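S.K.: Right, I'll just put the structure down here and ask away after.
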Amino acid sequence: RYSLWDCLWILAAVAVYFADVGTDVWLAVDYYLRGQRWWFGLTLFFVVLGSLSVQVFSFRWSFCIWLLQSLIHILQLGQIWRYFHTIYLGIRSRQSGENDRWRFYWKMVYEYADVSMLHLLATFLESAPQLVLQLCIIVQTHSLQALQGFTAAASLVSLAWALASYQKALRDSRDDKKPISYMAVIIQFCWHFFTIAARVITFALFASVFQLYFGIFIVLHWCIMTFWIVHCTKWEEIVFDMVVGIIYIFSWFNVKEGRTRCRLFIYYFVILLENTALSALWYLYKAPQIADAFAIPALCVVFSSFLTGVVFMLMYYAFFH
C-alpha cells in the first residue's frame, strides 16, 4: 500500500530519459565531424522542442533564493529534478511523516504522475519525431553508424518506457483502478517497443519511397484517428481527443472505457493494413538503382517484430487477469 522499496526502477527512468536526451544531443556529429545542415537542423529542432516544452510545462506547475535555485534547475534539467524530487519524497515518506494523508506520500504519487505526464509529452514531441527522422535518414542514405542506431534505440526505448510509465501512473494516481506492477509494466513496454519499432521502420521505408505521399498518409491517419476518437470541459475534450489522435499515429493509448477489445482490434487492423500497404508499395518501388536481394529480410524482420509486439500485448492482456 505504501513504503516504496523499488526506487531503483524509478531511478532507471532517470537513466532512460537522460540516455535519450544525451544520445539525441550527441548527434552534434551531424554538424561538427560529419557536418550536415539539414540533419543537424532537424535533430536540433526536435531536441530543443522536446526539452523546452517539458521545461515550460514544468515551470507552469522558501525565500527568493529557493525560487531562483528552482528556476535555474528547471531551465537546465527540470525533468531530472522532478525525478529526484520524486525519489526524495518517497524516501522522506519511508523514513517518517505519519501526518494526515494530505502529504504523506500522495505528494510523491502526484509528483510521479506529473513527471510521467511530462515524460510522455517530451517523448511524443521529441522521441517519436527523432526516431522516425533517424530511421528515414538511415534508409535514405544507407550508412547505419553505431551512433545513429544507438540514438534511434534510445528514442524508441524512451517512447515505450514513457507509454508504460504513463499507464502505471494512470493506474496509480487515482482511486480504484487496481495498481499495475512492474512485471506487467515491462511487458507493456516490450509490446509498445516492438510495435512502434515495426511502425517506424515501415514509416521510414515508405518515406524513402515517396515522402510526398507519406505526408498525406500521416495527416490522413491523424484525421481519421481524431474523428474516430471524437466519435467515441467543452473544447478541452476536443483538444484531448486530438492529442490522443496524435498518440494513435505510433501506439495505442489504451483507453480502458470498459470493454476495449473491439477498439483495440480495429486499431490493430488499421495499423496492420497501413503497414502492409507501405511495405508492399516500397517493395514494388525499390527495385531500381539498388536491387536489394537482402531486402526480403528487411521486410520479414518488420513483420516478425510486429507479431512479437502483438504477442506481447496479448500476453499482458491475458495475464493481467
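So you can find residues: chains in the C-alpha cells are A, B, ... in the order shown, residues in each start at 1, and ligands are numbered from 1 in order.
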When you look at residue 20 in chain A with a cut-off of 12 Å (counting only C-alpha atoms), what residues show up, excluding the ones that are within fewer than 6 positions of it in the same chain? I need them as a ChimeraX atom specification.
M.R.: /A:13-14,26-27,47,50-51,119,122-123,126-128,130-131,150-162
S.K.: Do a neighbour search on range 185-198 of chain A at 6 Å with only C-alpha atoms, toss out local chain neighbours closer than 5 positions, and write the hits as a list in words.
M.R.: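 After dropping sequence-adjacent residues, the list is residues 160, 161, 164, 250, 302, 305, 306, 309, 312 and 313 of chain A.
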S.K.: What does the file look like for those residues with C-alpha atoms, as a PDB file, in the first residue's frame?
M.R.:
ATOM      1  CA  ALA A 160       7.958   2.773 -24.993  1.00  0.00           C
ATOM      2  CA  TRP A 161       9.082   3.484 -21.423  1.00  0.00           C
ATOM      3  CA  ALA A 164       4.409   2.084 -19.895  1.00  0.00           C
ATOM      4  CA  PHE A 250       2.535   5.430 -33.327  1.00  0.00           C
ATOM      5  CA  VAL A 302       9.391  -5.769 -39.596  1.00  0.00           C
ATOM      6  CA  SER A 305       8.732  -7.553 -34.755  1.00  0.00           C
ATOM      7  CA  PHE A 306       5.083  -6.598 -35.258  1.00  0.00           C
ATOM      8  CA  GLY A 309       4.641  -6.928 -30.260  1.00  0.00           C
ATOM      9  CA  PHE A 312       3.393  -9.436 -26.010  1.00  0.00           C
ATOM     10  CA  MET A 313       0.254  -7.287 -25.964  1.00  0.00           C
TER      11      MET A 313
END
S.K.: Quick one: residues within 10 Å of residue 137 in chain A, only C-alpha atoms counted, chain neighbours fewer than 4 positions away excluded, as a CSV table (one decimal) with C-alpha atoms, in the first residue's frame?
M.R.:
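Final output, part_13.csv:
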chain,number,residue,atom,x,y,z
A,39,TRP,CA,20.2,16.6,-40.5
A,131,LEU,CA,13.1,8.1,-34.0
A,132,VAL,CA,11.2,8.5,-37.3
A,133,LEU,CA,13.7,11.1,-38.7
A,141,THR,CA,21.5,7.2,-47.1
A,142,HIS,CA,22.4,3.6,-46.2
A,143,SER,CA,25.0,4.5,-43.5
A,144,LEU,CA,24.0,3.0,-40.2
A,148,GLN,CA,22.7,6.6,-35.3
A,204,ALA,CA,11.0,5.2,-42.9
A,207,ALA,CA,9.1,7.9,-46.7
A,208,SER,CA,12.2,6.9,-48.7
S.K.: Let me make sure I understand: among A:245, A:41, A:297, A:90, which one has the smallest atom-to-atom distance to residue 111 in chain A if we use only C-alpha atoms?
M.R.: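 The closest residue to residue 111 in chain A is A:90.
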S.K.: Please provide the set of residues having any atom within 10 Å of residue 85 in chain A, restricted to only C-alpha atoms, with same-chain residues fewer than 3 positions apart removed, written as a ChimeraX atom specification.
M.R.: /A:79-82,88-91,108,111-112,115
S.K.: Could you save those same residues with N, CA and C atoms as a PDB file, in the first residue's frame?
M.R.:
ATOM      1  N   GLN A  79      13.180  18.029 -15.776  1.00  0.00           N
ATOM      2  CA  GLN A  79      12.613  16.685 -15.698  1.00  0.00           C
ATOM      3  C   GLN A  79      13.397  15.807 -14.729  1.00  0.00           C
ATOM      4  N   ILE A  80      14.729  15.872 -14.785  1.00  0.00           N
ATOM      5  CA  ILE A  80      15.537  15.099 -13.848  1.00  0.00           C
ATOM      6  C   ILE A  80      15.339  15.620 -12.431  1.00  0.00           C
ATOM      7  N   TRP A  81      15.103  16.928 -12.288  1.00  0.00           N
ATOM      8  CA  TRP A  81      14.788  17.459 -10.967  1.00  0.00           C
ATOM      9  C   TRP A  81      13.491  16.868 -10.442  1.00  0.00           C
ATOM     10  N   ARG A  82      12.488  16.736 -11.310  1.00  0.00           N
ATOM     11  CA  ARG A  82      11.236  16.103 -10.903  1.00  0.00           C
ATOM     12  C   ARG A  82      11.465  14.658 -10.486  1.00  0.00           C
ATOM     13  N   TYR A  88      13.178  11.762  -3.493  1.00  0.00           N
ATOM     14  CA  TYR A  88      13.278  12.351  -2.160  1.00  0.00           C
ATOM     15  C   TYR A  88      11.961  12.246  -1.404  1.00  0.00           C
ATOM     16  N   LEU A  89      10.839  12.487  -2.084  1.00  0.00           N
ATOM     17  CA  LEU A  89       9.543  12.378  -1.423  1.00  0.00           C
ATOM     18  C   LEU A  89       9.285  10.951  -0.966  1.00  0.00           C
ATOM     19  N   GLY A  90       9.615   9.973  -1.808  1.00  0.00           N
ATOM     20  CA  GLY A  90       9.470   8.588  -1.392  1.00  0.00           C
ATOM     21  C   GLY A  90      10.335   8.252  -0.193  1.00  0.00           C
ATOM     22  N   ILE A  91      11.589   8.713  -0.210  1.00  0.00           N
ATOM     23  CA  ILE A  91      12.493   8.454   0.906  1.00  0.00           C
ATOM     24  C   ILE A  91      11.963   9.085   2.184  1.00  0.00           C
ATOM     25  N   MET A 108       4.215  12.298  -3.307  1.00  0.00           N
ATOM     26  CA  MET A 108       5.090  11.526  -4.182  1.00  0.00           C
ATOM     27  C   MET A 108       4.329  10.979  -5.383  1.00  0.00           C
ATOM     28  N   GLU A 111       3.635  13.827  -7.742  1.00  0.00           N
ATOM     29  CA  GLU A 111       4.854  14.184  -8.458  1.00  0.00           C
ATOM     30  C   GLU A 111       5.196  13.145  -9.514  1.00  0.00           C
ATOM     31  N   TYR A 112       4.987  11.865  -9.207  1.00  0.00           N
ATOM     32  CA  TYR A 112       5.231  10.818 -10.192  1.00  0.00           C
ATOM     33  C   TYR A 112       4.271  10.934 -11.368  1.00  0.00           C
ATOM     34  N   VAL A 115       5.491  13.886 -13.451  1.00  0.00           N
ATOM     35  CA  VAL A 115       6.720  13.612 -14.186  1.00  0.00           C
ATOM     36  C   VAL A 115       6.476  12.604 -15.301  1.00  0.00           C
TER      37      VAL A 115
END
S.K.: Expressed in Å to a single decimal, how great is the separation between CA of residue 201 in chain A and CA of residue 307 in chain A?
M.R.: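 Computed distance, CA of residue 201 in chain A to CA of residue 307 in chain A, equals 14.1 Å.
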S.K.: For residue 136 in chain A, which of A:260, A:275, A:173, A:211 is the closest residue, counting only C-alpha atoms?
M.R.: A:211
S.K.: Could you give me the residues within range 12-234 of chain A that DSSP places in helix (DSSP H, G or I), as JSON, numbers by chain?
M.R.: {"A": [12, 13, 14, 15, 16, 17, 18, 19, 20, 21, 22, 23, 24, 25, 26, 27, 28, 29, 30, 37, 38, 39, 40, 41, 42, 43, 44, 45, 46, 47, 48, 49, 50, 51, 52, 53, 54, 55, 56, 57, 58, 59, 60, 64, 65, 66, 67, 68, 69, 70, 71, 72, 73, 74, 75, 76, 77, 78, 79, 80, 81, 82, 83, 84, 85, 86, 87, 88, 89, 90, 91, 92, 93, 94, 95, 106, 107, 108, 109, 110, 111, 112, 113, 114, 115, 116, 117, 118, 119, 120, 121, 122, 123, 124, 125, 126, 127, 128, 129, 130, 131, 132, 133, 134, 135, 136, 137, 138, 139, 140, 146, 147, 148, 149, 150, 151, 152, 153, 154, 155, 156, 157, 158, 159, 160, 161, 162, 163, 164, 165, 166, 167, 168, 169, 170, 171, 172, 182, 183, 184, 185, 186, 187, 188, 189, 190, 191, 192, 193, 194, 195, 196, 197, 198, 199, 200, 201, 202, 203, 204, 205, 206, 207, 208, 209, 210, 211, 212, 213, 214, 215, 216, 217, 218, 219, 220, 221, 222, 223, 224, 225, 226, 227, 228, 229, 230, 231]}
S.K.: With distances taken over only C-alpha atoms, which residue among A:290, A:272, A:284, A:249 lies nearest residue 303 in chain A?
M.R.: A:272
S.K.: Mind pulling up the distance from CA of residue 56 in chain A to CA of residue 218 in chain A?
M.R.: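 So the two atoms, CA of residue 218 in chain A and CA of residue 56 in chain A, lie 27.5 Å apart.
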S.K.: Give me the residues within 12 Å of residue 175 in chain A as an MDAnalysis selection string, counting only C-alpha atoms and dropping any in the same chain fewer than 6 places off.
M.R.: chainID A and resid 106 109 169
S.K.: Kindly indicate which residue among A:170, A:296, A:229, A:77 lies nearest to residue 18 in chain A, using only C-alpha atoms for the distances.
M.R.: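 Among the listed residues, the smallest separation from residue 18 in chain A belongs to A:77.
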S.K.: Of the candidates A:33, A:10, A:67, A:280, which shows the shortest atom-to-atom distance to residue 165 in chain A, using only C-alpha atoms?
M.R.: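 Closest candidate: A:10.
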S.K.: Can you work out which one of A:117, A:183, A:283, A:228 has the shortest atom-to-atom distance to residue 266 in chain A, counting only C-alpha atoms?
M.R.: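 Distance minimum relative to residue 266 in chain A lands on A:228.
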S.K.: Please list as a list in words every residue within 12 Å of residue 61 in chain A, counting only C-alpha atoms and excluding residues in the same chain fewer than 4 positions away.
M.R.: residues 54, 55, 56, 57, 70, 71, 74, 78, 82, 110, 111, 114, 115 and 118 of chain A
